[PDB]
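Asks:
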Ligand code: CLA
Ligand code: CLA
Ligand code: CLA
Ligand SMILES: CC1=C[C@H](O)CC(C)(C)[C@H]1/C=C/C(C)=C/C=C/C(C)=C/C=C/C=C(C)/C=C/C=C(C)/C=C/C1=C(C)C[C@H](O)CC1(C)C
Ligand code: SF4
Ligand SMILES: [Ca+2]
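Protein chains in written order, with the authors' numbering: chain A, 16 to 758; chain 2, 58 to 265; chain K, 46 to 126; chain 3, 55 to 275; chain J, 1 to 42.
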């Protein structure tokens, strides 16, 4: 009942015996290779811990140690970032003049004429321009010299070493026992308070002392090398008092509850900083302070050792109504004995969170000189969108894995899950109908507009000048947001973001940072397209999860497992009936949806937001507002978006962006190559390999390990992997070249 | 071999590795990484350590005695670090090649003996010479042991070999230290010694 | 700044909340909460010296929540008057 | 035997076999049940004793130079607060016979010899009375209990020939170690918020209790 | 050591070391004689 620390000593002794034996985990694999297929299997089941054994304790220990290893990898990656910024970057030159110099933190050695990639990025530097946005982060943190970057890189390297040692020590010397992993109340309490709340408090403390005074000096125009070091602001307090007088009293306002006196650096302004084009740092510090309070309070909910608290089992079992029987009874036991359930929930939540992060980050830019760095904005949005989509698809993959493997009503029975499995047919039928209806009305309208335009009947089109489909609800919501400050939210001076409205365009260095985004008929159509694609991919994934165990076609689908090619050509053909194949199709549909989303974002930003301001205030947008009138037809998307904006990438040859054109063509190649695997079957390839192997046998040069063709599931996996790589990489090259040449 | 279970150890209180039973001269049980576990690899490493020790002792002598000799106004050897480019009677490449063939001959003889003990002790020109040494790494003979100081009881030769290997390890560390000093500082080892002795409290690593 | 309205409000708030905690009136460490209406009796493990089973964790929690409510009330009052 | 804020689970493994056993382990770190690396109860007891010993040394030392800096011939420049000695260079430095960094390296070499020998005794008890060490190894044997090795070096005056005397002396030792330990925590936090020095802080407080903790809440530095 | 040698000769590790060496050799050859489109020696 009590929460305590439980471990076991020396479960596995570090050694090299198992290194010499490939595939120790599986007995048959340990025996040795008979055919080349063996090799692939060895990799396909490397991290499938729950299949190598059945003991929950061993699986948990392996998961914990692998987490430590991945954390070490992340720390090494961050240390590499900071070191490259410290040595192979023009960070100080960019710091002196942000808008003038293009950030760059990578140079290429001159070996085979590749030194052309070391382009003129400004600041007396030649390198490869970086769109990761690290320079903005370092500026917002208060880093001014390369000594600080060097120190951060060394510290991150040391922490990577510490993470690696922690993984080794916890798997081989002191491995926590199962009851330790199953203690979720204390885990939630610590993560809510110890990690998130305390970490946010720490970051707020840094921002108050380092970010605020340093960025204030930088924005005042002081040269970066003449600014006092970040530690001075802590030693002598009058340094802070000068910038913000309220530091003079020092803490006594905080303890007498005269918190209003801290209004100097703890504000609720909102909007953007007109000088840097980012959020007010005095708002971000207050943000993190409030977040710290909220999380430190929320991390005191679940009972651990002193009676006070909440039992998660009690909360779950206290909820149930007439429509769900005894719902929520038994879920606690399901979520504390199966790792795949937790993994699916967490993957779904993290994917949604990453998508929201992208949306909010281009909505109101949080870093200085980030809004006008168009390449950085576009790259960050697209990257986070793709990461979130992949995580969401993985959520379905692991939900199906749990359903096939760990779901068991005889021992762990849940009522809600049973009811869902009992009316899955109705669920999927209605979802199918919704998908069809959305597909017809979203895409069908595009086809209608295209046909009308081709027939010379623009008056019949679904456009802003013919038949309008105005998103009244979105317009009303953003109008309510624009009027919010001073009416419904009195304490805020500027609206949350400048996309809501209110005018007040914000520009920096002759470039538009942000301004109100209008919503019209084209926006309505593209939003409905988004809804259609999301619903179809959800249909695929949900159908894969629900029908994972059985269906009217194969009543014993669970016995075949989560991953398997088919069940033969019987019953008319049972190709791709497994849940893994449903994830395989969901990958294609997720790619479709995310590609359309990023295309919409890019074209809308270029057409109606990004651009150059002039002396009279006349905004010239990168694309002259052609989105509203050209995006309502497929021909416009093919002509005014793809054709028009591919000129930047295709011309990149002979310059520093030639690598982008090379990657454009190579991504096209890899994508077309994937179709080789996606369209064929392994029987033909095995038959051809037979003749090849005979040709080898004729010369006494045949391999002992017989070369078999790829398995069916492996063929599908290779096809989808190559398809995704090619498509995403060609879009990556297109976006980067376009926005670096035109931005 | 005389296995000494209770020999002094590099890390007092810890058991030495099984493969280090004190047979070799100068065995203190130091093998954290366990590089010498394999017997054949152990023999190869023993030979490598012996040759490294002898080369490094020669180098330490020829780097330090000459500079301790030129620091005092006795003669005028230049700095060892930059001694490679001061032009001699001929260019460096020809000297390198002529030196290479000779030392390659010697090292080939040594290699043949290492991988096949007692198979090259006889002189190929006059087959009545014969190196007396019967141990790999210890050729002996009139050439490499004219005085015959180390041909007595095995116990005496054991501690003499231990003396050899310990002096060799010291010389290896000395030569590496001279290199690292000259690259870190810009003076000679004797200059470093004199400066540090003048100011033992401040003239150290932490002066930069 | 001692005995002032803010100090008096925070005192009375924390004192009243802790007094509730020590007796019934609130979910103590040894007193379970059913649905906010009835309180059951349990032993949390940690033993108490106070006769009423008021544990150190209980007094810490009661004080903390008392300070939270006092801070909220005082800040609101000073915000409007 | 009085106990302070003990727990029923803590009372199980805290029976009184160790000096200063007041049953105070609400946290439960000394779990045996769960025993592990550095969490093993004997290691925790050893750490308590060693930390208390070092803290007693540091508490009698960090307060000394700025005491006798007021009384005696001792030079004014020589006597500084425990934080101005060069331990924290930003708060003040001093010019000794060495660089402060080579001082660290020398301190580290000596302390390393001592601490490595101590640990190798802890792991395999009695292993340091074997290998040579300019003699002196017969005095580095140990007594089975690592925290109390004894011998000619660590107990030359022969205190506590009988066992009870040793029991009560261990109790006094652990109590004084805890006192000095908490006092060093006080040193740290006082010198942080108050930034004057422990002895001068005591002197200016004992003039009158005007200098309360709440007074320093303004936090000048 | 023996097991380290064994694992150090397994297909992936051996292949990566071989290809790193080959890449370095080709890189150096190109560096010394870059922009070579014919064999002029004979
Ligand atoms: C440092 C010495 C060391 C040694 C000698 C061993 C030895 C062993 N470990 Mg172990 N381990 C170590 C460190 C070590 N480990 C560390 C630091 C961690 C924390 C991550 C772990 C965590 C760990 C776990 C969880 C497990 C083992 C297991 C094992 C045993 C099985 C074979 C094996 O190691 O896998 C194969 C050897 C490899 C080198 C595989 C590669 C793994 C690395 C992390 C890949 C690097 C990722 C890379 C950056 C990916 C990008 C690709 C890109 C480069 C193209 C074996 C006796 C397994 C076991 O005991 O089975 C019961 C077991 O499940 N270890
Ligand atoms: C924290 C996230 C997370 C974690 C911990 C896991 C963990 C796991 N997953 Mg999973 N998954 C995730 C996210 C995650 N997944 C996401 C986001 C998706 C959607 C794409 C999936 C979809 C998925 C499927 C379909 C399956 C799993 C499976 C598994 C299990 C075995 C995986 C394995 O080792 O096979 C081997 C792993 C490999 C061979 C590595 C693949 C290498 C990729 C394809 C190359 C990447 C290319 C690179 C990015 C760019 C090119 C570089 C190159 C040119 C050098 C394992 C427990 C398998 C299972 O059976 O579950 C039990 C399985 O069938 N996952
Ligand atoms: C092997 C014997 C040896 C000896 C006697 C010395 C002696 C000396 N070194 Mg040196 N050094 C050595 C090896 C040695 N070194 C090695 C192997 C390296 C490579 C890491 C260095 C790299 C080095 C540098 C970069 C510098 C010195 C310097 C110095 C001088 C001042 C000490 C100092 O501050 O640096 C500290 C040196 C170290 C921390 C490395 C020494 C560690 C090795 C393992 C030797 C350990 C000693 C050994 C156990 C006992 C020796 C036996 C006997 C001679 C007493 C001093 C006279 C400094 C100088 O020039 O003076 C101004 C200086 O800048 N050394
Ligand atoms: C037990 C427990 C468990 C349960 O269950 C719960 C709870 C209650 C939580 C807990 C708690 C605990 C605690 C609190 C502890 C603390 C500790 C400390 C403070 C230590 C120190 C400790 C401390 C220490 C060692 C110290 C040491 C010191 C020294 C050496 C010093 C030195 C010096 C000096 C002199 C002066 C100069 O000028 C400087 C220097 C150089 C610096
Ligand atoms: S074509 Fe392939 S997947 Fe389809 S039934 Fe036949 S073997 Fe199975
Ligand atoms: Ca325990």
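Even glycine gets a Cβ: it sits at the ideal position worked out from N, Cα and C.
From 504 (chain A), 471 (chain A) and 538 (chain A), pick the residue whose C-alpha is nearest to that of residue 484 (chain A); which is it?
Replies: Of the listed residues, the one whose Cα sits closest to residue 484 (chain A) is 538 (chain A).
Asks: Are the beta-carbon atoms of residue 523 (chain A) and residue 292 (chain A) separated by less than 8 angstroms?
Replies: Yes, the Cβ-Cβ distance between residue 523 (chain A) and residue 292 (chain A) is below 8 angstroms.
Asks: May I ask you to list, following chain order, the residues of the stretch 83-104 of chain K that have a beta carbon less than 7 angstroms from some beta carbon of chain 3?
Replies: So the close ones are 90, 91, 92 and 101.
Asks: At a cut-off of 7 angstroms, is residue 580 (chain A) close to ligand 5 when judged by its beta-carbon and the heavy atoms of the ligand?
Replies: Residue 580 (chain A) Cβ: within cutoff of ligand 5.
Asks: If you draw a straight line from the C-alpha of residue 577 (chain A) to the C-alpha of residue 622 (chain A), how long is it?
Replies: If you take the alpha carbons of residue 577 (chain A) and residue 622 (chain A), they lie about 46 angstroms apart.
Asks: For a contact meaning CB atoms closer than 8 angstroms, what does residue 37 (chain A) contact in chain J?
Replies: Those are 10, listed as they occur along chain J.
Asks: Output the distance between the C-alpha atoms of residue 161 (chain 2) and residue 171 (chain 2), rounded to the nearest integer angstrom.
Replies: If you take the alpha carbons of residue 161 (chain 2) and residue 171 (chain 2), they lie about 15 angstroms apart.
Asks: Kindly list, in the order they appear in chain A, the residues whose Cβ is closer than 7 angstroms to that of residue 93 (chain 3).
Replies: What residue 93 (chain 3) touches in chain A: 20.
Asks: Assuming residue 174 (chain A) and residue 90 (chain A) make a contact with CB atoms under 8 angstroms, what is their CB distance in whole Å?
Replies: That belief holds up - the Cβ atoms of residue 174 (chain A) and residue 90 (chain A) are roughly 5 angstroms apart, short of 8 angstroms.
Asks: For the alpha helix (DSSP H) holding residue 769 (chain A), just list the boundary residues, first then last.
Replies: Only positions 16 to 758 of chain A appear in this structure, which leaves residue 769 (chain A) out of reach.
Asks: I'd like the list of long-range same chain contacts for residue 187 (chain 2), defined as Cβ closer than 6 angstroms, with 5 residues on each side in sequence excluded.
Replies: So the qualifying residues of the chain are 178 and 179.
Asks: For the alpha helix (DSSP H) that residue 157 (chain 2) lies in, which residues bound it at each end?
Replies: That run of the alpha helix (DSSP H) goes 149-172.
Asks: Select from the stretch 240-263 of chain A all residues with a C-beta closer than 9 angstroms to any C-beta belonging to chain 3, and list them in chain order.
Replies: Within the stretch 240-263 of chain A, the residues whose Cβ lies closer than 9 angstroms to some Cβ of chain 3 are 246, 249, 250, 251 and 252, listed in chain order.
Asks: Once you ignore the five residues that flank residue 59 (chain A) on each side, which residues in its own chain have a CB closer than 8 angstroms to its CB?
Replies: Contacts found: 729.
Asks: Would residue 465 (chain A) pass as a contact of residue 650 (chain A) if the rule is Cβ separation under 8 angstroms?
Replies: Closer than 8 angstroms, so yes.
Asks: With 8 angstroms set as the bound, which would you pick, yes or no: does the beta-carbon of residue 332 (chain A) sit closer than that to a beta-carbon of chain K?
Replies: False, the Cβ-Cβ gap to chain K never drops below 8 angstroms.
Asks: Quick one: what's residue 86 (chain 2) bridged to in DSSP?
Replies: Per DSSP, none; premise fails for residue 86 (chain 2).
Asks: Is residue 253 (chain 2) close to ligand 3? I mean its beta-carbon at under 7 angstroms from any heavy atom of the ligand.
Replies: Indeed, a heavy atom of ligand 3 lies less than 7 angstroms from the Cβ.
Asks: Measure the C-alpha to C-alpha separation of residue 424 (chain A) and residue 65 (chain K) and round it to an integer number of angstroms.
Replies: Going from the Cα of residue 424 (chain A) to the Cα of residue 65 (chain K) covers about 45 angstroms.
Asks: Could you check if residue 346 (chain A) is buried or exposed, using at least 16 other CB atoms within 10 Å of its CB as the buried criterion?
Replies: So residue 346 (chain A) counts as buried.
Asks: Taking Cβ to Cβ, would you say residue 203 (chain 3) is nearer than 8 angstroms to residue 175 (chain 3)?
Replies: In this structure, residue 175 (chain 3) lies closer than 8 angstroms to residue 203 (chain 3) by Cβ.
Asks: Ignoring anything shorter than 3 residues or poking outside the stretch 444-526 of chain A, list the beta strand (DSSP E) runs there in chain order.
Replies: Correct list: 521-523.
Asks: Please confirm whether residue 145 (chain A) and residue 119 (chain A) have their CB atoms less than 8 angstroms apart.
Replies: Their beta carbons are under 8 angstroms apart, which means residue 145 (chain A) touches residue 119 (chain A) by this criterion.
Asks: In terms of residue numbering, what span does the alpha helix (DSSP H) encompassing residue 31 (chain J) cover?
Replies: Element bounds for residue 31 (chain J): 11-32.
Asks: Go ahead and pull the three-state DSSP assignment for residue 566 (chain A).
Replies: Residue 566 (chain A) falls in the coil class under three-state DSSP.
Asks: Give me the Cβ distance between residue 201 (chain A) and residue 18 (chain A), rounded to the nearest whole Å; I'm assuming they're in contact under 8 angstroms.
Replies: Contact holds; Cβ gap of about 5 angstroms.
Asks: Using the DSSP secondary-structure output, state which residues sit across from residue 529 (chain A) in a beta bridge.
Replies: Paired residue(s): 521 (chain A).
Asks: Taking 7 angstroms as the cut-off, is the C-beta of residue 88 (chain 3) nearer than that to any heavy atom in ligand 4?
Replies: No, ligand 4 has no heavy atom inside 7 angstroms of this Cβ.
Asks: Anything in the stretch 22-40 of chain J with a Cβ closer than 9 angstroms to a Cβ of chain A? List those residues in chain order, please.
Replies: The stretch 22-40 of chain J vs chain A, Cβ under 9 angstroms: 27, 30, 31, 34 and 35.
Asks: Less than 7 angstroms between the CB of residue 589 (chain A) and some heavy atom of ligand 5, yes or no?
Replies: Yes, the beta carbon of residue 589 (chain A) sits closer than 7 angstroms to at least one heavy atom of ligand 5.
Asks: Can you say whether residue 125 (chain K) is buried or exposed, counting buried as having 16 or more other CB atoms within 10 angstroms of its CB?
Replies: With fewer than 16 Cβ atoms within 10 Å of its Cβ, residue 125 (chain K) is classed as exposed.
Asks: Among the candidates 394 (chain A), 413 (chain A), 451 (chain A) and 45 (chain A), whose CA atom is the shortest distance from the CA of residue 744 (chain A)?
Replies: Nearest of 394 (chain A), 413 (chain A), 451 (chain A) and 45 (chain A) to residue 744 (chain A), Cα basis: 394 (chain A).
Asks: Can the beta-carbon of residue 228 (chain 2) be found closer than 8 angstroms to that of residue 114 (chain 2)?
Replies: Yes, Cβ-Cβ distance for residue 228 (chain 2) and residue 114 (chain 2) is below 8 angstroms.
Asks: I want to check one thing, is the minimum distance from the CB of residue 66 (chain 2) to the heavy atoms of ligand 3 below 7 angstroms?
Replies: Residue 66 (chain 2): no, Cβ never under 7 angstroms from ligand 3.
Asks: According to a CB-to-CB cut-off of less than 8 angstroms, which residues of the stretch 233-264 of chain 2 neighbour chain 3?
Replies: Answer in chain order: 258, 259, 261, 262, 263 and 264.
Asks: Among 37 (chain A), 382 (chain A) and 598 (chain A), which has the Cα closest to the Cα of residue 56 (chain A)?
Replies: The option with the nearest alpha carbon to residue 56 (chain A) is 37 (chain A).
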